[PDB]
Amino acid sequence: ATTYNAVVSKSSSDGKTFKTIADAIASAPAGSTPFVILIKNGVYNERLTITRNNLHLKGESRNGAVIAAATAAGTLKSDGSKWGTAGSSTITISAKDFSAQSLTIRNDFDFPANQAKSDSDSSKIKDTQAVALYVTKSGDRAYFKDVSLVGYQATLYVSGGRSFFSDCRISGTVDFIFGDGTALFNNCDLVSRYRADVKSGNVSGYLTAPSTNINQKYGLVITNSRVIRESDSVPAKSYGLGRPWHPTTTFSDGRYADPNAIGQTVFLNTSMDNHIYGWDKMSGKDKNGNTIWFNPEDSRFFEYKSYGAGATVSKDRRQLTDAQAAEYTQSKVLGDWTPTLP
């Protein structure tokens, strides 16, 4: 039994369908009864914010149903202010029990074209993060199955509660999965992208930048997945598995890198190509305005039974025991929530 509350399509010959996704979402009665929207094949140039609980999107196919918009953090609004990282997102989830299935979500900000611009070009953006998908502090129980997420810097922003990504593709360069949420990935392709702007010998990017609060049990957990290069031009040892993001945060004694954001990234049973060199450090500003470095050895960065050419075991790459690995099942990570589609 599968039935839709609204249908979106590019055709008028399709019949009684909405022309935009935003229109179909807005049409949902107020409340928290399930609302299921079918999205037919096409590229929908839209930015969406989801505030209704129990909303569900289903694309006709991952290959053909695309929601896309180009916005960087350094892109300017009408009032001349920057959008910022959170504000750059193509899709923002600020509701509970959201699901998306069989669709692609992109931030189309052309990072390589931006980097190729001359340094004196006033249109060259420095704040190059450009989020495809953002799950906010208000999001919990967000389920993404057979979804593709496309960007370069800062593709996926996972904050708030629990999110589950299954049979997914996520592509990016720098910190392309980041934030303080509980985010479980199973059977996903994590695609590290080529950077034309990076000198031979320098780092191209980092898969994760977790900012998990030290008192939160689970951050970014990646299971049964594949960590792959976009192309043969992505150099060996060009990508880190993670670096520790301590976000600038307003405290009673000022605004500075959160010392208690000691992020967790755990890889279990995951293949890795040789573009991976291991973990890395990251800097912030301290309470005095000085540069402070946060080291991977002080973070919750672990692996369990990685394989492929990028899976080396050393003192700089801590490994879980069998008993420790048993703490990272779906049941333990997601707790009482069983992700289900309508």
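All residue numbers refer to positions in the sequence shown, first residue = 1.
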What stretch has the higher average Cα B-factor here, 72-80 or 100-108? 72-80
Decide which of the stretches 54-62 and 282-290 has the higher mean C-alpha B-factor, going by the entry. 54-62
In terms of the chain's CA B-factor thirds, is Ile125 lowest, middle or highest? highest
Of the three thirds of the chain ranked by Cα temperature factor, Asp258 occupies the middle
Lowest, middle or highest third - CA B-factor, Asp140: middle
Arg317's Cα B-factor: lowest, middle or highest third of the chain? highest
C-alpha B factor of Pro247, ranked within the chain: lowest, middle or highest third? lowest
